[PDB]
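Visitor: Sharing a structure, written as structure tokens. Questions coming.
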2 protein chains.
Amino acid sequence: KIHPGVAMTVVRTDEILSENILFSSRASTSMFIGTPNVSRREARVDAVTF
Amino acid sequence: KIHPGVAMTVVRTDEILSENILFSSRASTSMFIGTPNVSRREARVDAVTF
């Protein structure tokens, strides 16, 4: 338990799960949302997947 | 052509093609006939595999 001739500083990262809060003003962005489409992918005899 | 100490029980199987007669009574089974449905499998550029 002899204190050495050098002094050690110990550095460690830390991970902290935050719970964040978002703000945005009125008309912060503007969405040009278009009409969605349909493409029949699976034309199965069992059940059709669009 | 001298007898050994042991004997054998030679076993083979014999196939036979038999014309058979099947009988079943009336109303033996109930059947739900689904509508036939088409599906492409391999869309070949020459000749599509239906």
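How things are named: the first chain in the structure tokens is A, the next is B, and so on; residues count from 1 in each chain; ligands count from 1 in the order shown.
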Quick one: chain A onto chain B, least squares on all Cα paired in order, result as an mmCIF file with C-alpha atoms, in the first residue's frame?
Guide:
data_model
loop_
_atom_site.group_PDB
_atom_site.id
_atom_site.type_symbol
_atom_site.label_atom_id
_atom_site.label_comp_id
_atom_site.auth_asym_id
_atom_site.auth_seq_id
_atom_site.Cartn_x
_atom_site.Cartn_y
_atom_site.Cartn_z
ATOM 1 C CA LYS A 1 -20.882 -83.894 -53.469
ATOM 2 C CA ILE A 2 -20.939 -84.967 -49.822
ATOM 3 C CA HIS A 3 -24.022 -83.823 -47.927
ATOM 4 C CA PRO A 4 -22.754 -81.766 -44.941
ATOM 5 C CA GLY A 5 -23.677 -82.071 -41.284
ATOM 6 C CA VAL A 6 -26.006 -79.077 -41.555
ATOM 7 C CA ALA A 7 -29.089 -78.452 -43.671
ATOM 8 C CA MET A 8 -29.498 -75.117 -45.421
ATOM 9 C CA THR A 9 -32.815 -73.373 -46.009
ATOM 10 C CA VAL A 10 -32.512 -70.725 -48.692
ATOM 11 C CA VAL A 11 -34.590 -67.559 -48.388
ATOM 12 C CA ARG A 12 -35.058 -65.020 -51.165
ATOM 13 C CA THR A 13 -37.381 -62.095 -51.658
ATOM 14 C CA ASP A 14 -39.270 -61.719 -54.910
ATOM 15 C CA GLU A 15 -40.576 -58.629 -56.670
ATOM 16 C CA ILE A 16 -43.807 -59.149 -58.603
ATOM 17 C CA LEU A 17 -45.339 -56.366 -60.687
ATOM 18 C CA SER A 18 -49.030 -56.653 -59.913
ATOM 19 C CA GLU A 19 -51.947 -55.036 -61.724
ATOM 20 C CA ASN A 20 -54.244 -53.917 -58.938
ATOM 21 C CA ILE A 21 -58.020 -53.462 -58.740
ATOM 22 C CA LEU A 22 -59.585 -50.652 -56.710
ATOM 23 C CA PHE A 23 -63.131 -50.566 -55.365
ATOM 24 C CA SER A 24 -64.958 -47.789 -53.520
ATOM 25 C CA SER A 25 -68.640 -47.396 -52.753
ATOM 26 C CA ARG A 26 -71.030 -44.649 -53.734
ATOM 27 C CA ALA A 27 -70.299 -41.499 -51.692
ATOM 28 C CA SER A 28 -67.131 -43.028 -50.294
ATOM 29 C CA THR A 29 -65.651 -39.552 -49.952
ATOM 30 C CA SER A 30 -66.766 -35.975 -50.532
ATOM 31 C CA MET A 31 -64.743 -33.376 -52.412
ATOM 32 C CA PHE A 32 -64.929 -29.704 -51.488
ATOM 33 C CA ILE A 33 -63.411 -28.484 -54.736
ATOM 34 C CA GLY A 34 -62.809 -24.747 -54.810
ATOM 35 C CA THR A 35 -62.344 -22.417 -57.738
ATOM 36 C CA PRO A 36 -58.742 -22.348 -59.010
ATOM 37 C CA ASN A 37 -56.682 -19.188 -59.194
ATOM 38 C CA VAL A 38 -54.246 -17.467 -61.558
ATOM 39 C CA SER A 39 -50.812 -16.065 -60.715
ATOM 40 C CA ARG A 40 -48.774 -14.711 -63.630
ATOM 41 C CA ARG A 41 -45.339 -16.200 -63.061
ATOM 42 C CA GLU A 42 -43.408 -15.379 -66.248
ATOM 43 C CA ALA A 43 -44.346 -12.010 -67.762
ATOM 44 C CA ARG A 44 -41.968 -12.609 -70.671
ATOM 45 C CA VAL A 45 -41.903 -10.627 -73.885
ATOM 46 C CA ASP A 46 -41.959 -13.982 -75.709
ATOM 47 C CA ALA A 47 -44.843 -15.944 -74.164
ATOM 48 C CA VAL A 48 -46.703 -15.441 -70.889
ATOM 49 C CA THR A 49 -46.775 -18.344 -68.423
ATOM 50 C CA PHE A 50 -49.716 -18.437 -66.008
#
